[PDB]
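Descriptive analysis of the structure
Each chain, letter by letter, is given below.
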Amino acid sequence: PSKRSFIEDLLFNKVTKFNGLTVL
Amino acid sequence: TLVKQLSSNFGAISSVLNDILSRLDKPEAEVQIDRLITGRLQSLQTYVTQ
Amino acid sequence: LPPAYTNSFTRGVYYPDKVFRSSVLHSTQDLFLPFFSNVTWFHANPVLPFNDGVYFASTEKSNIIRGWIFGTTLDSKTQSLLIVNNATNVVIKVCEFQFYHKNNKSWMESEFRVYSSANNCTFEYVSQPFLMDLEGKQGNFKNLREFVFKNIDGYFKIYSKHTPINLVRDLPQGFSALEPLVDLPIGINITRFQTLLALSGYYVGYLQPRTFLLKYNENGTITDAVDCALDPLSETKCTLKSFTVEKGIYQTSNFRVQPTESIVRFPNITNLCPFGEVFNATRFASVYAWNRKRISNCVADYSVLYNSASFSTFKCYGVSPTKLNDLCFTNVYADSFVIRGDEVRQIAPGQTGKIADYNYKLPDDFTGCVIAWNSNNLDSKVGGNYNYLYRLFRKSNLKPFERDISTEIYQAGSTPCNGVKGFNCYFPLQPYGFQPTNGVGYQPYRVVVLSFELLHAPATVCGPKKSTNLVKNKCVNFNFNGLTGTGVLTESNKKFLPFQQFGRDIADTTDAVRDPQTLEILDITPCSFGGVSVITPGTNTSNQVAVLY
Amino acid sequence: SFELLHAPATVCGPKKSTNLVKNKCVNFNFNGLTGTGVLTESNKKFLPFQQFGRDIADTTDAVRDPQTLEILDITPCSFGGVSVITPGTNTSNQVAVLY
Ligand SMILES: CC(=O)N[C@@H]1[C@@H](O)[C@H](O)[C@@H](CO)O[C@H]1O
Ligand SMILES: CC(=O)N[C@@H]1[C@@H](O)[C@H](O)[C@@H](CO)O[C@H]1O
Ligand SMILES: CC(=O)N[C@@H]1[C@@H](O)[C@H](O)[C@@H](CO)O[C@H]1O
Ligand SMILES: CC(=O)N[C@@H]1[C@@H](O)[C@H](O)[C@@H](CO)O[C@H]1O
Ligand SMILES: CC(=O)N[C@@H]1[C@@H](O)[C@H](O)[C@@H](CO)O[C@H]1O
Ligand SMILES: CC(=O)N[C@@H]1[C@@H](O)[C@H](O)[C@@H](CO)O[C@H]1O
Ligand SMILES: CC(=O)N[C@@H]1[C@@H](O)[C@H](O)[C@@H](CO)O[C@H]1O
Ligand SMILES: CC(=O)N[C@@H]1[C@@H](O)[C@H](O)[C@@H](CO)O[C@H]1O
Ligand SMILES: CC(=O)N[C@@H]1[C@@H](O)[C@H](O)[C@@H](CO)O[C@H]1O
Ligand SMILES: CC(=O)N[C@@H]1[C@@H](O)[C@H](O)[C@@H](CO)O[C@H]1O
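Residues numbered from 1 in each chain as written, not as in the entry; some residues may be left out. Chains lettered and ligands numbered in written order. Part of a larger assembly, values for the part shown. Heavy atoms only, no water. Residues with missing side-chain atoms left out of burial classes, pairs and counts.

Per the deposited record, cryo-EM is how this structure was determined, to a resolution of 3.21 Å.

Now the structure itself:
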């Protein structure tokens, strides 16, 4: 229960402390 | 880049606001602080534009 | 007479200036009565405090409210402001009155029927009455007179409105802005407030620094307002410059955590700086061959030098004369020498002249201080001439902190040979213009130059500042040997090398600091700041909102 | 020590006043308030204490005259812009001008 098919998993695996800066 | 610019020291005696304020009196610090404000504002505007 | 409590709801708004504005929404910061402040009702002569300003309202007539007193503890030692409402006019006087608040006899004389004053002559103002009545019960029943009393800077301002209201033993609903009634440029100190009943009740509230959004109509009058500090919804209305907000989520503010307390840490240095050895040396070197002394591992009291008699000048560069006492330094040098006295300006970090160029030069940045004092005595002895002055270096602009005492020949270009005349031999000048106890430039101004290294290195010189303990695991305002900031101090569990004093991250900002007394390593984590947004269904649906941090 | 406020002047220099012109672009000075524009009857209901008015941009819109206490609107003089219409110099040297 996190899948994301086999090909999708490959895609996610391959691609890869602040002063006023945030991330939403 | 945006973060690194904070240490640039844009013509001021120090890149650290606290070091300016802890050393100089009001009428002197304001000048040094304004130099950093201009530089940091310009750096931030550059970031946003990009 | 007894108190009671209520709520202002909308009351206390007034025109902040003298500018006509119509069909606009204007945001202004001034002293206002918070929309829903707790207003104290009093039965109808108690003396209340006066803060930034006072809101006053009552439905009683002028035969009950005869005026007001504003000032400090009332006596002949201080001026008070007396505002009295008469049948036909208003009389306002400022003076060192002990009393002067009677003019109405009944039974109470213990603190009245006395007229002791000084040289009044201060804003003895007379005009039209502040309290106007209505045609009995042909009005709205009990006219509510609203007043705002401000004391800001050279002014005592009064705003008011009569606006008759429906009968109620409370503050009425609806919006009404007060207009300026009078503006008296009185230099008076007001800390207390008292009404004049000469004995039903009145309301008193207090103004606070607030930003209001004022809605003006086509006729230039204020018809509504929003208090920016009331709630997240009002904040949203104000940031959007609108009295109506559409369904959605808005970014209105920025969350902050305050440290509430500070931490100060220094090494246990019990030694004192050898300043006596420098300023009271009694033996000062010539500028030709100045004496360079170093100070370390001691406490530096600079106040004792700055805040001290017998100095002629004390000029600091890169640091304030009143702040250096709270700073840590490394390797402080004290250059001790004597000059002619008209050369004081020639030893500045950026000036030129025979001293700056040949005898003693400073860096262009030079963080430090140049201190000098008369000391005409002892040095400028009659018949005494002891101040070598370096004039000839062949080159110029010697070097910052370089001492050249080579005494070579200044070949004038006349010939590449040795000799005296036409060779300008002997680099220093022996004609010392001492002019014993006479003229100008007669060798006043013994000079001590304090050069400081404002480095990341362990402090060697600290000021007379007392340390505190550590708090840890809390947002605090810290100072470690001059290293200041705000954040949470925690055990770092980092393997610092034996010589390292602090650490930095990839951004090259302070990540951790070594404590100067325990030598433990603490991480510095910034306190939460996040941001604040407000979730609303829209003001045409409900006034309920949710807030996201 | 001077207070350079928008409030009614309490201290004035030894400067002589002139009459009003109205309905013309003029260079005006009202108690130190200066600018260039056309002064006209505002027909605005100023409150008894107001000295001048401003617009949404928070710029001077109208001024009260210190002697007559009448309210005058201040309308910026025309500035527009000027462009030149040409068929090309390889055709003719006649042009039209648009203001
Ligand atoms: C502005 C304000 O603080 N109002 C509160 C009110 O909400 C509360 O109900 C009452 C005590 O019951 O105390 C007042 O001070
Ligand atoms: C009815 C009334 O109070 N008249 C007052 C008088 O009491 C006061 O002494 C005097 C001071 O100038 O001013 C009058 O207007
Ligand atoms: C008690 C009292 O007010 N004494 C006043 C004093 O305040 C004032 O400063 C001085 C003239 O300068 O004349 C005295 O009579
Ligand atoms: C009773 C009292 O607080 N008096 C102070 C006065 O000492 C101070 O000098 C002045 C400000 O200049 O403010 C007044 O409120
Ligand atoms: C926005 C507004 O309230 N306009 C009214 C106007 O309709 C009325 O005619 C006039 C008095 O004649 O007073 C103005 O304040
Ligand atoms: C560091 C030092 O001792 N400075 C002395 C000062 O203590 C003394 O009070 C003063 C008298 O004029 O002369 C200074 O040189
Ligand atoms: C290494 C170190 O500084 N140890 C300090 C000591 O110098 C100081 O005297 C004492 C309190 O009196 O507290 C110790 O932690
Ligand atoms: C769904 C809804 O309530 N819409 C109202 C509309 O009925 C009202 O006439 C208008 C103001 O004139 O404001 C809108 O928000
Ligand atoms: C209210 C006002 O200022 N009226 C002025 C008057 O002061 C002046 O003396 C006169 C010319 O002499 O012109 C009037 O309009
Ligand atoms: C339509 C027309 O007149 N075109 C002319 C061309 O004949 C001339 O040779 C050239 C300059 O060499 O300039 C062009 O504008």
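Points about the interface of chain D and chain C
Here is the rule we go by: Any two residues having at least one pair of non-hydrogen atoms within 4.5 Å are treated as being in contact. For this scheme, ten residues count as nonpolar: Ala, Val, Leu, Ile, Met, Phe, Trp, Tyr, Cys and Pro. Four count as charged, namely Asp, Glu, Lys and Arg, and the remainder, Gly too, count as polar.
With 17 residues of chain D in contact, the opposing surface of chain C contributes twelve residues. Here the residues of the side of chain D that touches chain C sort into seven nonpolar, four polar and six charged.

Structural notes on unusual backbone geometry
Filter applied, for reference: Only DSSP runs of H or I reaching four residues or more are called helices, and only runs of E reaching two or more are called strands; each is numbered from the N terminus. For each residue, the accessible area found with a 1.4 Å probe, counting protein chains only, is set against the maximum for its type, and the residue is called buried under 20%, exposed over 50%, and partly exposed in between.
The linkage connecting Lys3(A) with the following residue, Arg4(A), adopts the cis geometry, with an omega of 0 degrees. By the secondary structure assignment, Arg4(A) is in the segment before helix 1 (6–14). Phi at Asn297(C) is positive, roughly 55 degrees, even though this residue is not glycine. For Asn297(C), the position within the fold is in the loop between strand 20 (291–295) and strand 21 (298–299). Phi angles above zero are rare outside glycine, and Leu519(C) is one such case at about 65 degrees. For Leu519(C), a relative accessible area of 52% translates into the label exposed.

What about the sheet that holds strand 3 (residues 25–32) of chain C?
All names here are of chain C. Note the cut-off: Strands were regarded as paired on the criterion that DSSP finds at least two bridges between them. Angular values range over 0 to 180 degrees, each being the angle between N-to-C directions of two axes fitted as lines to C-alpha atoms, with helices fitted over their stretch in contact.
A sheet is described by the order of its strands in space; here three strands give the open sequence 3-16-17, paired in antiparallel fashion. Where the open sheet ends on each side, the last strands, each with one partner, are strand 3 and strand 17 (222–227). In this sheet, neighbouring strand axes are inclined to one another by 35 degrees on average, regardless of whether the strands run parallel or antiparallel. Against the sheet, helix 1 (residues 232–239) touches strand 16 (208–216) and strand 17, its axis set at about 120 degrees to strand 17.

A word on the nonpolar core
Residue and element names in this part refer to chain C. What counts here: Here, nonpolar core means buried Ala, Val, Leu, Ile, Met, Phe, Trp, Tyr and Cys residues that are tied together by side-chain atoms lying within 4.5 Å of each other.
One finds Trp68, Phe70, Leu81 and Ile83 to be the most contacted residues of the largest nonpolar core, which totals 29 residues. Contributing elements (two or more residues each) for this core: strand 6 (53–58), strand 7 (67–71), strand 8 (80–85), strand 9 (90–95), strand 11 (145–151), strand 12 (156–161), strand 13 (179–184) and strand 15 (201–206). Among the elements that line this core, the one with the most residues is strand 9, at three residues. One finds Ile295, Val319, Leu324 and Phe452 within the second-largest nonpolar core, a separate group that totals 26 residues.

Looking at the UniProt feature "disulfide bond" in chain D
Residues and elements named next belong to chain D. Heads up, the rule is: For this text, the term disulfide refers to a pair of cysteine sulfurs within 2.5 Å. UniProt positions are given in the numbering used here, feature names are shortened, and annotations may be inferred rather than shown by experiment.
Here the UniProt disulfide linking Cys25 with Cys77 is broken, its two sulfur atoms sitting 4.1 Å from each other. Relative to the elements of secondary structure, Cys25 occurs in strand 1 (residues 25–30). With respect to the helices, strands and loops of the structure, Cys77 is situated in the loop between strand 5 (71–75) and strand 6 (83–85).

Focus on the pairing of strand 2 (residues 33–41) of chain D
Residues and elements named next belong to chain D. Across six bridges, the pairing between strand 1 and strand 2 is antiparallel. Within the sheet, the bridge partner assigned to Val26 lies in strand 2 and is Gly37. Pairing geometry for strand 2 and strand 5, over four bridges, is antiparallel. Looking at the pairing, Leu39 lines up with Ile74 of strand 5.

Side note on the packing of aromatic side chains
Residues and elements named next belong to chain C. The condition that has to hold: Between rings of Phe, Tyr and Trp, where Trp is taken as its six-membered ring, a pair exists when centres lie within 6.5 Å; planes separated by under 30 degrees are stacked, by over 60 edge-to-face, and by other angles tilted.
Under the counting rule described, the total for this entry stands at 49 aromatic pairs over all chains. Centroid distance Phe279 to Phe311: 5.9 Å. Interplanar angle 85 degrees. Geometry classified as edge-to-face. Separated by 32 residues along the polypeptide, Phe279 in helix 2 (residues 276–279) and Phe311 in the loop between helix 3 (303–306) and strand 22 (313–317) bring together distant segments of the chain. Note on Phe279: relative accessible area 12%, which makes it buried.

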